[PDB]
Number of protein chains: 4
Amino acid sequence: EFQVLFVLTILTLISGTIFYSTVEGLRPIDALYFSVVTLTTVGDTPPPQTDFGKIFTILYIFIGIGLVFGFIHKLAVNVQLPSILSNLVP
Amino acid sequence: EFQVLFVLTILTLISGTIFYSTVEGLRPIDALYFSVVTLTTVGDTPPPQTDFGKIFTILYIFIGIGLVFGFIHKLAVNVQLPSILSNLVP
Amino acid sequence: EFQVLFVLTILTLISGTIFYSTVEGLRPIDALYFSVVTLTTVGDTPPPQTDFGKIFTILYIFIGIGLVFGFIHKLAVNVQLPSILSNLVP
Amino acid sequence: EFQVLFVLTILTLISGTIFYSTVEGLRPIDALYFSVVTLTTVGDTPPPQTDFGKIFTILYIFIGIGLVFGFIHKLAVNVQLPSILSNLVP
Ligand SMILES: [K+]
Ligand SMILES: [K+]
Ligand SMILES: [K+]
Ligand SMILES: [K+]
Ligand SMILES: [K+]
């Protein structure tokens with residue numbers, strides 16, 4: 001489960017990185033950062049400048065938000081929770 | 001279900017597109033983009049400049065956030081999930 | 001239920017409106033807008049300029065996010081849902 | 001439960017405060033503010049300027065969002081809810 005959501009999230013972020021670096025002309029790291037803060041809904045960066053970028057982002061949000069949060073919901077409930085929960089047992 | 005949330009989301013976005021292009025003077029694509037990143041709570045664009053825009057946005061958020069995320073919750077759990085889940089079966 | 005969350009949300013927003021208009025010197029409408037986009041996590045406006053504003057905002061987020069989304073979760077599931085659901089019945 | 005999520009959230013925010021003040025050169029209060037609005041997904045501030053800051057933020061979001069919202073979900077359902085719910089009983 002976690003591993004699958006892990007791969008699915010990675011692929012989604014790779015696509016975004018490739019897209020924004022190419023179409024919005026961002027350095028790969030900045031393209032990855034934008035992809036991440038967009039799908040996690042933080043949105044702390046300026047928006048895309050091109051219409052292609054705006055259209056892709058709209059679709060990217062609708063298709064990727066569900067996945068990204070599904071992964072986060074498991075990364076903290078099925079991986080981070082035990083490490084602390086079990087450790088909370090003397 | 002999915003089709004209904006599909007239509008409801010579309011109509012909500014159409015209203016926002018019409019509103020922001022008219023009142024905030026945005027090009028349709030930019031009006032749609034603002035509507036989308038606002039309802040999905042990304043919020044990566046500058047805020048509305050007019051008081052009418054601010055008031056509408058406040059109401060738009062409260063009335064549209066629930067719907068938009070309801071659609072996303074189905075688009076990934078009742079449409080994207082199987083495609084990958086079933087395919088995860090050798 | 002809905003009415004209680006309605007009042008609780010209103011009071012929370014009134015406090016924010018009073019706070020930001022006074023401490024950050026915002027016009028009431030802008031103070032309300034900031035309060036709304038902050039608690040709904042849209043965050044499309046610049047951040048507070050004063051330390052008092054930053055501290056209050058941190059506490060305001062932790063105490064108000066839960067309430068605001070609780071209200072939204074009811075406004076769309078216990079009020080907007082039927083209007084369309086029942087109407088979806090020929 | 002609440003106390004544990006309380007401590008876990010505090011530690012997470014302390015790490016962010018130390019990180020951003022050091023690497024992004026922010027005053028402690030601003031470092032804390034950025035950490036808070038990032039993990040709660042408000043994202044109303046400009047993004048990190050350094051690559052180290054961008055990389056850390058990406059990891060910080062994925063590891064901290066789950067925890068922070070877990071704490072919020074309890075702070076309003078297991079602490080703020082009763083205070084008003086029980087009080088809603090004549
Ligand atoms: K946001
Ligand atoms: K959310
Ligand atoms: K958000
Ligand atoms: K934002
Ligand atoms: K901004």
Side-chain angles (χ1 to χ4, degrees), chain A residues 24 30 33-49 53-54 57-58 60-62 64-70 72-73, chain B residues 24 30 33-49 53-54 57-58 60-62 64-70 72-73, chain C residues 24 30 33-49 53-54 57-58 60-62 64-70 72-73, chain D residues 24 30 33-49 53-54 57-58 60-62 64-70 72-73:
Chain A
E24 289 291 321
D30 289 330
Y33 186 86
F34 183 81
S35 297
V36 171
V37 300
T38 294
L39 296 190
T40 55
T41 76
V42 173
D44 60 356
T45 73
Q49 316 189 78
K54 294 162 183 174
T57 302
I58 290 169
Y60 192 57
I61 288 171
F62 277 105
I65 181 283
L67 168 59
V68 172
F69 275 92
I72 294 178
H73 181 54
Chain B
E24 289 291 321
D30 289 330
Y33 186 86
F34 183 81
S35 297
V36 171
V37 300
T38 294
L39 296 190
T40 55
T41 76
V42 173
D44 60 356
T45 73
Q49 316 189 78
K54 294 162 183 174
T57 302
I58 290 169
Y60 192 57
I61 288 171
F62 277 105
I65 181 283
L67 168 59
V68 172
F69 275 92
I72 294 178
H73 181 54
Chain C
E24 289 291 321
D30 289 330
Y33 186 86
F34 183 81
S35 297
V36 171
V37 300
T38 294
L39 296 190
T40 55
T41 76
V42 173
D44 60 356
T45 73
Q49 316 189 78
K54 294 162 183 174
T57 302
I58 290 169
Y60 192 57
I61 288 171
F62 277 105
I65 181 283
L67 168 59
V68 172
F69 275 92
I72 294 178
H73 181 54
Chain D
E24 289 291 321
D30 289 330
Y33 186 86
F34 183 81
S35 297
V36 171
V37 300
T38 294
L39 296 190
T40 55
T41 76
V42 173
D44 60 356
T45 73
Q49 316 189 78
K54 294 162 183 174
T57 302
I58 290 169
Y60 192 57
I61 288 171
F62 277 105
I65 181 283
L67 168 59
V68 172
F69 275 92
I72 294 178
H73 181 54

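Atoms within a ligand are numbered from 1 in the order they appear, just like the ligands themselves. Computed from heavy atoms alone, side chains included, the values below leave out hydrogens, waters and symmetry copies. Chain letters run A, B, ... following the sequence lines, proteins first, then strands; residues in each count from 1.
Under the rule for a ring-ring contact (aromatic ring centres under 6.0 Å, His included), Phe69(A) has no partner lying at least two apart in sequence or in another chain. The side-chain contact (heavy atoms from CB on, under 4.5 Å) test applied to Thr38(D) returns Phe34(D), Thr57(D), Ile61(D), not counting sequence neighbours.
The CD1 atom of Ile65(D) lies 8.0 Å from the OG1 atom of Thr41(A); values are rounded to the nearest 0.5 Å.
Across all non-hydrogen atoms, the minimal contact from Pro48(A) to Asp44(B) is CD-OD2, 4.3 Å. Minimum heavy-atom separation, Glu24(A) to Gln49(A): OE1-N, 2.8 Å. Between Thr40(B) and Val37(B), the shortest heavy-atom contact is OG1-CA, 3.5 Å.
At a cut-off of 3.4 Å, measuring from the K ion (ligand 4), the protein N, O or S atoms that fall short of it are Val42(A) O, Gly43(A) O, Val42(B) O, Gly43(B) O, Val42(C) O, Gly43(C) O, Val42(D) O, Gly43(D) O, waters left aside.
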